[PDB]
$ cat protein.cif   # mmCIF, C-alpha atoms and all ligand atoms
data_target
loop_
_atom_site.group_PDB
_atom_site.id
_atom_site.type_symbol
_atom_site.label_atom_id
_atom_site.label_comp_id
_atom_site.auth_asym_id
_atom_site.auth_seq_id
_atom_site.Cartn_x
_atom_site.Cartn_y
_atom_site.Cartn_z
ATOM 1 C CA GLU A 1 -26.936 2.951 17.055
ATOM 2 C CA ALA A 2 -30.221 1.733 18.512
ATOM 3 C CA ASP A 3 -31.491 0.542 15.086
ATOM 4 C CA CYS A 4 -28.137 -0.265 13.573
ATOM 5 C CA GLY A 5 -27.661 -3.251 11.352
ATOM 6 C CA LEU A 6 -31.355 -3.614 10.487
ATOM 7 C CA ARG A 7 -31.900 -2.844 6.851
ATOM 8 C CA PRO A 8 -35.061 -1.008 5.807
ATOM 9 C CA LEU A 9 -35.566 -3.174 2.682
ATOM 10 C CA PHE A 10 -34.767 -6.479 4.408
ATOM 11 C CA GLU A 11 -34.818 -7.058 8.196
ATOM 12 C CA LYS A 12 -37.324 -4.196 8.776
ATOM 13 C CA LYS A 13 -39.728 -5.919 6.338
ATOM 14 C CA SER A 14 -38.812 -9.536 7.232
ATOM 15 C CA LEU A 15 -37.425 -10.013 3.727
ATOM 16 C CA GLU A 16 -34.229 -12.014 3.264
ATOM 17 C CA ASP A 17 -31.596 -11.241 0.651
ATOM 18 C CA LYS A 18 -30.571 -13.964 -1.801
ATOM 19 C CA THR A 19 -27.383 -15.095 -0.066
ATOM 20 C CA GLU A 20 -27.640 -14.256 3.713
ATOM 21 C CA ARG A 21 -28.553 -17.822 4.417
ATOM 22 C CA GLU A 22 -25.081 -18.942 3.186
ATOM 23 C CA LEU A 23 -23.760 -16.961 6.115
ATOM 24 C CA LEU A 24 -26.182 -18.402 8.688
ATOM 25 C CA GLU A 25 -25.419 -21.913 7.523
ATOM 26 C CA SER A 26 -21.695 -21.349 8.185
ATOM 27 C CA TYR A 27 -22.352 -20.347 11.837
ATOM 28 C CA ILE A 28 -22.159 -23.911 13.039
ATOM 29 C CA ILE B 1 -14.712 -7.530 -6.014
ATOM 30 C CA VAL B 2 -13.607 -10.655 -7.896
ATOM 31 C CA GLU B 3 -16.105 -13.421 -8.545
ATOM 32 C CA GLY B 4 -18.856 -11.598 -6.687
ATOM 33 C CA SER B 5 -22.384 -10.754 -7.853
ATOM 34 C CA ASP B 6 -24.411 -7.545 -8.246
ATOM 35 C CA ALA B 7 -25.828 -6.360 -4.953
ATOM 36 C CA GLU B 8 -29.589 -6.208 -4.424
ATOM 37 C CA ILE B 9 -31.061 -2.736 -3.937
ATOM 38 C CA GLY B 10 -30.640 -1.712 -0.275
ATOM 39 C CA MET B 11 -28.622 -4.864 0.531
ATOM 40 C CA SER B 12 -25.722 -2.827 2.005
ATOM 41 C CA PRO B 13 -27.251 0.529 3.094
ATOM 42 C CA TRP B 14 -24.146 1.295 5.155
ATOM 43 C CA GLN B 15 -21.859 1.211 2.079
ATOM 44 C CA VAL B 16 -19.993 4.446 1.470
ATOM 45 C CA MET B 17 -17.989 5.470 -1.581
ATOM 46 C CA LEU B 18 -14.944 7.688 -0.947
ATOM 47 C CA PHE B 19 -14.781 9.970 -3.997
ATOM 48 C CA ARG B 20 -11.871 12.062 -5.259
ATOM 49 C CA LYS B 21 -13.093 15.603 -6.046
ATOM 50 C CA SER B 22 -10.562 16.403 -8.775
ATOM 51 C CA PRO B 23 -10.164 14.375 -10.785
ATOM 52 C CA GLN B 24 -13.475 12.748 -9.898
ATOM 53 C CA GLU B 25 -12.890 9.056 -9.308
ATOM 54 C CA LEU B 26 -13.513 6.241 -6.848
ATOM 55 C CA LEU B 27 -10.833 6.353 -4.109
ATOM 56 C CA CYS B 28 -12.040 3.688 -1.743
ATOM 57 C CA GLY B 29 -14.917 2.032 0.090
ATOM 58 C CA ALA B 30 -16.086 2.965 3.591
ATOM 59 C CA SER B 31 -19.025 2.381 5.871
ATOM 60 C CA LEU B 32 -21.633 4.390 7.723
ATOM 61 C CA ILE B 33 -21.655 3.799 11.471
ATOM 62 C CA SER B 34 -23.902 6.681 12.535
ATOM 63 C CA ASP B 35 -25.529 9.725 10.977
ATOM 64 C CA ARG B 36 -22.213 11.628 11.097
ATOM 65 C CA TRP B 37 -19.399 9.072 11.298
ATOM 66 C CA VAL B 38 -17.807 7.076 8.461
ATOM 67 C CA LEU B 39 -15.307 4.190 8.955
ATOM 68 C CA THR B 40 -12.547 3.401 6.427
ATOM 69 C CA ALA B 41 -8.964 2.083 6.060
ATOM 70 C CA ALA B 42 -6.150 4.443 7.047
ATOM 71 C CA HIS B 43 -4.256 3.557 3.827
ATOM 72 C CA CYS B 44 -7.121 5.021 1.777
ATOM 73 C CA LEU B 45 -6.171 8.395 3.186
ATOM 74 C CA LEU B 46 -2.484 8.114 4.140
ATOM 75 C CA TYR B 47 0.080 5.983 2.339
ATOM 76 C CA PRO B 48 3.400 7.789 1.922
ATOM 77 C CA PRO B 49 5.087 5.048 -0.218
ATOM 78 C CA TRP B 50 2.597 5.989 -2.912
ATOM 79 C CA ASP B 51 2.631 9.754 -2.146
ATOM 80 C CA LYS B 52 -0.913 9.476 -0.866
ATOM 81 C CA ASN B 53 -1.961 12.005 1.814
ATOM 82 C CA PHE B 54 -5.499 13.331 1.493
ATOM 83 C CA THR B 55 -6.976 16.168 3.537
ATOM 84 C CA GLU B 56 -10.675 16.737 4.202
ATOM 85 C CA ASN B 57 -11.155 19.184 1.361
ATOM 86 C CA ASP B 58 -9.775 16.696 -1.146
ATOM 87 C CA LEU B 59 -12.779 14.407 -0.727
ATOM 88 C CA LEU B 60 -16.489 13.628 -0.746
ATOM 89 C CA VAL B 61 -18.388 10.700 0.750
ATOM 90 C CA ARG B 62 -21.269 9.323 -1.338
ATOM 91 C CA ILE B 63 -23.871 7.327 0.612
ATOM 92 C CA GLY B 64 -26.902 5.370 -0.552
ATOM 93 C CA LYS B 65 -25.248 4.366 -3.828
ATOM 94 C CA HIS B 66 -25.695 1.412 -6.104
ATOM 95 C CA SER B 67 -24.407 2.370 -9.543
ATOM 96 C CA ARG B 68 -20.651 3.001 -9.551
ATOM 97 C CA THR B 69 -20.478 5.827 -12.062
ATOM 98 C CA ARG B 70 -23.926 7.349 -12.189
ATOM 99 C CA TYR B 71 -25.131 10.297 -10.140
ATOM 100 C CA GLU B 72 -28.107 8.697 -8.361
ATOM 101 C CA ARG B 73 -30.506 11.511 -8.148
ATOM 102 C CA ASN B 74 -33.010 11.427 -5.319
ATOM 103 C CA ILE B 75 -31.233 8.466 -3.744
ATOM 104 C CA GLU B 76 -27.569 8.936 -2.990
ATOM 105 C CA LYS B 77 -26.479 11.671 -0.643
ATOM 106 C CA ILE B 78 -23.137 13.437 -0.915
ATOM 107 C CA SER B 79 -21.370 14.635 2.194
ATOM 108 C CA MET B 80 -18.372 16.822 2.907
ATOM 109 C CA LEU B 81 -15.866 15.967 5.591
ATOM 110 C CA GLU B 82 -15.363 17.954 8.797
ATOM 111 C CA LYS B 83 -12.340 16.017 10.065
ATOM 112 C CA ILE B 84 -10.281 12.862 9.398
ATOM 113 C CA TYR B 85 -8.969 10.751 12.305
ATOM 114 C CA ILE B 86 -6.210 8.206 11.592
ATOM 115 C CA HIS B 87 -5.117 5.663 14.153
ATOM 116 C CA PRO B 88 -2.012 7.018 15.869
ATOM 117 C CA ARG B 89 -0.281 3.624 15.612
ATOM 118 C CA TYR B 90 -1.257 2.866 12.001
ATOM 119 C CA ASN B 91 1.815 1.096 10.537
ATOM 120 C CA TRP B 92 2.097 2.191 6.925
ATOM 121 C CA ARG B 93 5.837 1.552 7.016
ATOM 122 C CA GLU B 94 5.621 -2.226 7.311
ATOM 123 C CA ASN B 95 2.420 -4.246 7.235
ATOM 124 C CA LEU B 96 -0.515 -1.809 7.561
ATOM 125 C CA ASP B 97 -1.152 -2.799 11.174
ATOM 126 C CA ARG B 98 -4.103 -0.851 12.672
ATOM 127 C CA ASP B 99 -5.339 0.140 9.188
ATOM 128 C CA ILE B 100 -8.293 2.178 10.338
ATOM 129 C CA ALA B 101 -9.581 5.778 10.050
ATOM 130 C CA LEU B 102 -12.727 7.704 10.971
ATOM 131 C CA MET B 103 -14.255 10.552 9.003
ATOM 132 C CA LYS B 104 -16.576 13.081 10.703
ATOM 133 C CA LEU B 105 -19.219 14.523 8.362
ATOM 134 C CA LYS B 106 -19.929 18.224 8.199
ATOM 135 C CA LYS B 107 -23.646 17.534 8.558
ATOM 136 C CA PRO B 108 -25.698 14.480 9.513
ATOM 137 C CA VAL B 109 -27.001 12.379 6.646
ATOM 138 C CA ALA B 110 -30.675 11.539 6.581
ATOM 139 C CA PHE B 111 -31.382 7.817 6.820
ATOM 140 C CA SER B 112 -33.588 6.285 4.161
ATOM 141 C CA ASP B 113 -34.388 2.933 2.537
ATOM 142 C CA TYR B 114 -30.905 3.101 0.992
ATOM 143 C CA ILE B 115 -28.944 4.755 3.822
ATOM 144 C CA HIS B 116 -28.634 3.094 7.240
ATOM 145 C CA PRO B 117 -25.778 2.466 9.709
ATOM 146 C CA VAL B 118 -24.131 -0.876 10.391
ATOM 147 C CA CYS B 119 -23.441 -2.053 13.930
ATOM 148 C CA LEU B 120 -19.968 -2.318 15.405
ATOM 149 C CA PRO B 121 -19.243 -5.470 17.417
ATOM 150 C CA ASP B 122 -19.239 -5.907 21.141
ATOM 151 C CA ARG B 123 -16.744 -8.366 22.628
ATOM 152 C CA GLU B 124 -19.323 -11.125 22.829
ATOM 153 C CA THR B 125 -20.424 -10.901 19.187
ATOM 154 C CA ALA B 126 -16.762 -10.844 18.080
ATOM 155 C CA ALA B 127 -15.951 -13.868 20.166
ATOM 156 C CA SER B 128 -18.879 -15.769 18.745
ATOM 157 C CA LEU B 129 -18.549 -14.811 15.130
ATOM 158 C CA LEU B 130 -14.828 -14.505 14.410
ATOM 159 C CA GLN B 131 -14.172 -18.196 13.883
ATOM 160 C CA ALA B 132 -12.531 -20.101 11.079
ATOM 161 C CA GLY B 133 -15.086 -21.249 8.484
ATOM 162 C CA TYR B 134 -17.673 -18.660 9.500
ATOM 163 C CA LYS B 135 -18.558 -16.502 6.503
ATOM 164 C CA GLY B 136 -18.779 -12.736 6.180
ATOM 165 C CA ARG B 137 -19.694 -10.517 3.302
ATOM 166 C CA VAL B 138 -17.537 -7.969 1.482
ATOM 167 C CA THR B 139 -18.967 -5.273 -0.813
ATOM 168 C CA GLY B 140 -17.403 -2.640 -3.060
ATOM 169 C CA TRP B 141 -17.050 -0.934 -6.449
ATOM 170 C CA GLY B 142 -13.478 -2.076 -7.059
ATOM 171 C CA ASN B 143 -11.940 -4.062 -9.877
ATOM 172 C CA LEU B 144 -13.605 -7.208 -11.105
ATOM 173 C CA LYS B 145 -10.176 -8.704 -11.674
ATOM 174 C CA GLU B 146 -6.470 -8.186 -10.974
ATOM 175 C CA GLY B 147 -12.877 -4.092 -15.798
ATOM 176 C CA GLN B 148 -14.855 -1.954 -13.325
ATOM 177 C CA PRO B 149 -18.460 -2.869 -12.371
ATOM 178 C CA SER B 150 -21.592 -0.992 -13.329
ATOM 179 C CA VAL B 151 -23.007 -1.524 -9.823
ATOM 180 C CA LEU B 152 -21.983 -2.475 -6.280
ATOM 181 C CA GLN B 153 -20.625 -6.013 -6.013
ATOM 182 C CA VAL B 154 -21.027 -8.458 -3.137
ATOM 183 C CA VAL B 155 -19.138 -11.678 -2.208
ATOM 184 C CA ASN B 156 -19.418 -14.015 0.795
ATOM 185 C CA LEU B 157 -16.107 -15.356 2.089
ATOM 186 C CA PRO B 158 -15.106 -17.666 4.992
ATOM 187 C CA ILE B 159 -12.739 -16.528 7.755
ATOM 188 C CA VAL B 160 -9.458 -18.464 7.605
ATOM 189 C CA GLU B 161 -7.487 -20.089 10.378
ATOM 190 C CA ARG B 162 -4.640 -17.900 11.682
ATOM 191 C CA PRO B 163 -1.806 -20.379 10.764
ATOM 192 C CA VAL B 164 -3.130 -20.654 7.187
ATOM 193 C CA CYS B 165 -3.243 -16.852 7.020
ATOM 194 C CA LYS B 166 0.337 -16.568 8.289
ATOM 195 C CA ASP B 167 1.686 -19.341 6.043
ATOM 196 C CA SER B 168 0.220 -17.705 2.911
ATOM 197 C CA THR B 169 2.457 -14.665 3.078
ATOM 198 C CA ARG B 170 5.879 -13.303 3.902
ATOM 199 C CA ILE B 171 4.268 -10.289 5.629
ATOM 200 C CA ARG B 172 4.161 -10.193 9.451
ATOM 201 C CA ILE B 173 0.516 -10.695 10.436
ATOM 202 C CA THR B 174 -0.788 -9.165 13.666
ATOM 203 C CA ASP B 175 -3.646 -9.658 16.102
ATOM 204 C CA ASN B 176 -5.226 -6.525 14.570
ATOM 205 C CA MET B 177 -5.829 -8.403 11.275
ATOM 206 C CA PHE B 178 -7.703 -11.435 10.127
ATOM 207 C CA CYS B 179 -7.880 -13.093 6.728
ATOM 208 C CA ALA B 180 -10.698 -14.525 4.622
ATOM 209 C CA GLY B 181 -11.276 -16.425 1.395
ATOM 210 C CA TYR B 182 -11.482 -19.915 -0.060
ATOM 211 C CA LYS B 183 -8.572 -22.335 -0.131
ATOM 212 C CA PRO B 184 -7.422 -23.676 -3.507
ATOM 213 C CA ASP B 185 -9.325 -26.912 -3.106
ATOM 214 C CA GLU B 186 -12.590 -25.521 -1.708
ATOM 215 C CA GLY B 187 -13.896 -25.015 -5.210
ATOM 216 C CA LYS B 188 -15.376 -21.521 -4.817
ATOM 217 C CA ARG B 189 -13.547 -18.262 -5.412
ATOM 218 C CA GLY B 190 -13.772 -14.581 -4.538
ATOM 219 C CA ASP B 191 -11.816 -11.652 -3.163
ATOM 220 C CA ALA B 192 -11.607 -7.904 -2.698
ATOM 221 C CA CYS B 193 -9.567 -5.961 -5.278
ATOM 222 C CA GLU B 194 -8.313 -2.413 -5.996
ATOM 223 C CA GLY B 195 -11.015 0.137 -5.185
ATOM 224 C CA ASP B 196 -12.604 -2.079 -2.536
ATOM 225 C CA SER B 197 -10.126 -1.020 0.153
ATOM 226 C CA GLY B 198 -11.725 0.561 3.235
ATOM 227 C CA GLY B 199 -15.097 -1.106 2.656
ATOM 228 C CA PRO B 200 -16.752 -3.383 5.196
ATOM 229 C CA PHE B 201 -16.566 -7.094 5.954
ATOM 230 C CA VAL B 202 -19.924 -7.766 7.645
ATOM 231 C CA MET B 203 -21.565 -10.693 9.402
ATOM 232 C CA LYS B 204 -25.221 -11.239 10.396
ATOM 233 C CA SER B 205 -25.516 -12.174 14.031
ATOM 234 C CA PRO B 206 -27.726 -15.233 14.482
ATOM 235 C CA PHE B 207 -28.483 -14.092 18.035
ATOM 236 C CA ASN B 208 -30.147 -10.757 17.258
ATOM 237 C CA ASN B 209 -30.360 -10.786 13.446
ATOM 238 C CA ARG B 210 -28.376 -7.544 13.071
ATOM 239 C CA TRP B 211 -25.468 -6.874 10.746
ATOM 240 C CA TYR B 212 -22.144 -6.183 12.334
ATOM 241 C CA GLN B 213 -18.997 -4.838 10.691
ATOM 242 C CA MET B 214 -16.199 -7.139 11.812
ATOM 243 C CA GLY B 215 -13.523 -6.127 9.293
ATOM 244 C CA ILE B 216 -12.259 -3.422 7.020
ATOM 245 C CA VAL B 217 -10.850 -4.318 3.624
ATOM 246 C CA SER B 218 -7.139 -3.693 4.161
ATOM 247 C CA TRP B 219 -4.669 -5.557 1.924
ATOM 248 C CA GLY B 220 -4.029 -8.551 -0.298
ATOM 249 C CA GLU B 221 -1.252 -9.596 -2.684
ATOM 250 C CA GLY B 222 -2.933 -9.554 -6.028
ATOM 251 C CA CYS B 223 -6.692 -10.336 -6.149
ATOM 252 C CA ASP B 224 -8.264 -13.786 -5.923
ATOM 253 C CA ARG B 225 -4.981 -15.646 -6.328
ATOM 254 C CA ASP B 226 -4.933 -19.310 -5.292
ATOM 255 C CA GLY B 227 -3.268 -19.812 -1.966
ATOM 256 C CA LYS B 228 -3.530 -16.106 -1.068
ATOM 257 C CA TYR B 229 -6.157 -14.498 1.150
ATOM 258 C CA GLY B 230 -7.544 -11.048 1.733
ATOM 259 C CA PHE B 231 -6.585 -9.285 4.955
ATOM 260 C CA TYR B 232 -9.001 -7.250 7.004
ATOM 261 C CA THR B 233 -8.588 -4.851 9.910
ATOM 262 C CA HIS B 234 -10.024 -6.436 13.060
ATOM 263 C CA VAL B 235 -12.609 -3.800 14.052
ATOM 264 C CA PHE B 236 -13.317 -5.129 17.578
ATOM 265 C CA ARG B 237 -9.630 -5.095 18.480
ATOM 266 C CA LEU B 238 -9.499 -1.345 17.650
ATOM 267 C CA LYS B 239 -12.847 -0.458 19.204
ATOM 268 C CA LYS B 240 -11.322 1.367 22.164
ATOM 269 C CA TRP B 241 -9.745 3.792 19.735
ATOM 270 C CA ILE B 242 -12.972 4.229 17.809
ATOM 271 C CA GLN B 243 -14.917 4.872 21.001
ATOM 272 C CA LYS B 244 -12.352 7.331 22.307
ATOM 273 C CA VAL B 245 -12.533 9.384 19.080
ATOM 274 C CA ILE B 246 -16.304 9.419 18.959
ATOM 275 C CA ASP B 247 -16.414 10.228 22.665
ATOM 276 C CA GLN B 248 -13.798 12.998 22.454
ATOM 277 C CA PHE B 249 -15.135 14.310 19.172
ATOM 278 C CA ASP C 1 -16.359 7.459 -16.522
ATOM 279 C CA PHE C 2 -18.060 9.134 -13.589
ATOM 280 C CA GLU C 3 -21.216 11.040 -14.266
ATOM 281 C CA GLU C 4 -21.212 14.744 -13.407
ATOM 282 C CA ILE C 5 -21.988 15.573 -9.789
ATOM 283 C CA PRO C 6 -24.066 18.621 -8.900
ATOM 284 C CA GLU C 7 -21.881 21.718 -8.649
ATOM 285 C CA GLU C 8 -23.201 22.390 -5.176
ATOM 286 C CA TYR C 9 -21.021 19.505 -3.823
HETATM 287 NA NA NA A 301 4.510 -16.551 6.608
HETATM 288 NA NA NA A 302 -7.186 -16.708 -2.886
#
$ encode --input "protein.cif" --output "structure tokens" --more "lines below"
Ligand code: NA
Ligand code: NA
Amino acid sequence: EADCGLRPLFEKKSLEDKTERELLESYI
Amino acid sequence: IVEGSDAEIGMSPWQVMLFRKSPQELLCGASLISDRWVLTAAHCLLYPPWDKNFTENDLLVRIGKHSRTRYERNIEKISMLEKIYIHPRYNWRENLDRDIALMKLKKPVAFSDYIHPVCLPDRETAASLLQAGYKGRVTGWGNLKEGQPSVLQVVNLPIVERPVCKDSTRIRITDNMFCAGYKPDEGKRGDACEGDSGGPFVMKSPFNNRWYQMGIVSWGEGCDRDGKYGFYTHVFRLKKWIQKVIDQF
Amino acid sequence: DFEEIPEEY
């Protein structure tokens, strides 16, 4: 899907959810 | 989900609830991968040891949901199934190898703030992201312990090294599975539990900032036990089969 | 436990 994985209420608005940065920080 | 938290609104817009028509009840989790295709665990649909064998007309998929029990007027959408596709080499007899199924909806669902598909991994994203210590996210309306939640639950869990996964169980582990969760001395807790089966394990690619579904909640011995880990279907490893079905159907 | 779903489904 062209637009897959981009959430309307988060990525599409450049808003982060409260714990996604825990994931990014583990991608070392 | 055990030792998770309440999801934010729209945090998992690909989450699907598999719903038993009669008696009405949660059956399993699932995920939206396009406007007409839903991904789940084969064992949610077919598990002869427990006399489980559902056909299309037995079920509904509910998309866009947050509350577990409530009918979410003007938000959720409820879809009937056109056809179920179970992996031909799904091993229900032994270890649930290739625990994966697709469901084709009768009609496309309209996307909204609350309804949106997840991506499936390419080889390169899978290679980069499926590494020990890297965390994914599991979501579901299943048990809070080995009551039931008012709303969708979320937990972030690290992928575990294959020898740790194998040494945690007497079950034969395959290349079509991976395991995730904290080790006894990592401090933190968390796991999938009954009802969460078939839901997604997702990761946010740091290369393109899109969410990818890397796993399907498949099996675990108990829920959140020390020294045990949850097992997930490795979606990339079964992608040829998924593609073939979507291509041929 | 589950709320009533519209008869049409
Ligand atoms: Na073992
Ligand atoms: Na554990």
$ interface_residues --input "protein.cif" --of "chain B" --to "chain C" --cutoff "9 Å" --atoms "all atoms listed in the file" --output "ChimeraX atom specification"
/B:24-26,60,68-71,78-80
$ write_last_selection --input "protein.cif" --atoms "C-alpha atoms" --output "PDB file, in the coordinates of the input"
ATOM      1  CA  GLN B  24     -13.475  12.748  -9.898  1.00  0.00           C
ATOM      2  CA  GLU B  25     -12.890   9.056  -9.308  1.00  0.00           C
ATOM      3  CA  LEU B  26     -13.513   6.241  -6.848  1.00  0.00           C
ATOM      4  CA  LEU B  60     -16.489  13.628  -0.746  1.00  0.00           C
ATOM      5  CA  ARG B  68     -20.651   3.001  -9.551  1.00  0.00           C
ATOM      6  CA  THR B  69     -20.478   5.827 -12.062  1.00  0.00           C
ATOM      7  CA  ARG B  70     -23.926   7.349 -12.189  1.00  0.00           C
ATOM      8  CA  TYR B  71     -25.131  10.297 -10.140  1.00  0.00           C
ATOM      9  CA  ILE B  78     -23.137  13.437  -0.915  1.00  0.00           C
ATOM     10  CA  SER B  79     -21.370  14.635   2.194  1.00  0.00           C
ATOM     11  CA  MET B  80     -18.372  16.822   2.907  1.00  0.00           C
TER      12      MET B  80
END
$ closest_residue --input "protein.cif" --among "B:166, B:65, B:89, B:135" --to "ligand NA 301 (chain A)" --atoms "all atoms listed in the file"
B:166
$ resolve_selection --input "protein.cif" --expression "the PyMOL selection byres (((chain A and resi 8-16) around 6) and not hetatm)" --output "ChimeraX atom specification"
/A:6-7,17 /B:10,113
$ residues_near_ligand --input "protein.cif" --ligand "ligand NA 301 (chain A)" --cutoff "8 Å" --atoms "all atoms listed in the file" --output "MDAnalysis selection string"
chainID B and resid 165:172
$ residues_near_ligand --input "protein.cif" --ligand "ligand NA 302 (chain A)" --cutoff "6 Å" --atoms "all atoms listed in the file" --output "ChimeraX atom specification"
/B:181,224-229
$ decode --input "protein.cif" --residues "chain C" --atoms "N, CA and C atoms" --output "PDB file, in the first residue's frame"
ATOM      1  N   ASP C   1     -21.123  -9.437  27.824  1.00  0.00           N
ATOM      2  CA  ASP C   1     -20.131  -8.378  28.003  1.00  0.00           C
ATOM      3  C   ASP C   1     -20.093  -7.471  26.782  1.00  0.00           C
ATOM      4  N   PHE C   2     -20.255  -8.075  25.604  1.00  0.00           N
ATOM      5  CA  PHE C   2     -20.210  -7.281  24.385  1.00  0.00           C
ATOM      6  C   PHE C   2     -21.521  -6.558  24.116  1.00  0.00           C
ATOM      7  N   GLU C   3     -21.363  -5.270  23.805  1.00  0.00           N
ATOM      8  CA  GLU C   3     -22.550  -4.502  23.461  1.00  0.00           C
ATOM      9  C   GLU C   3     -23.084  -5.104  22.157  1.00  0.00           C
ATOM     10  N   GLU C   4     -24.373  -4.946  21.988  1.00  0.00           N
ATOM     11  CA  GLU C   4     -25.222  -5.285  20.873  1.00  0.00           C
ATOM     12  C   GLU C   4     -24.708  -4.713  19.564  1.00  0.00           C
ATOM     13  N   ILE C   5     -24.558  -5.549  18.534  1.00  0.00           N
ATOM     14  CA  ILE C   5     -24.118  -4.989  17.257  1.00  0.00           C
ATOM     15  C   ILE C   5     -25.326  -4.916  16.326  1.00  0.00           C
ATOM     16  N   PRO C   6     -25.348  -3.862  15.524  1.00  0.00           N
ATOM     17  CA  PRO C   6     -26.471  -3.614  14.617  1.00  0.00           C
ATOM     18  C   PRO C   6     -26.841  -4.865  13.827  1.00  0.00           C
ATOM     19  N   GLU C   7     -28.125  -5.202  13.890  1.00  0.00           N
ATOM     20  CA  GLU C   7     -28.690  -6.363  13.222  1.00  0.00           C
ATOM     21  C   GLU C   7     -28.224  -6.509  11.786  1.00  0.00           C
ATOM     22  N   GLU C   8     -27.998  -5.378  11.118  1.00  0.00           N
ATOM     23  CA  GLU C   8     -27.596  -5.493   9.715  1.00  0.00           C
ATOM     24  C   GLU C   8     -26.277  -6.248   9.585  1.00  0.00           C
ATOM     25  N   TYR C   9     -25.458  -6.393  10.632  1.00  0.00           N
ATOM     26  CA  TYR C   9     -24.193  -7.188  10.390  1.00  0.00           C
ATOM     27  C   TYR C   9     -24.251  -8.661  10.791  1.00  0.00           C
TER      28      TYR C   9
END
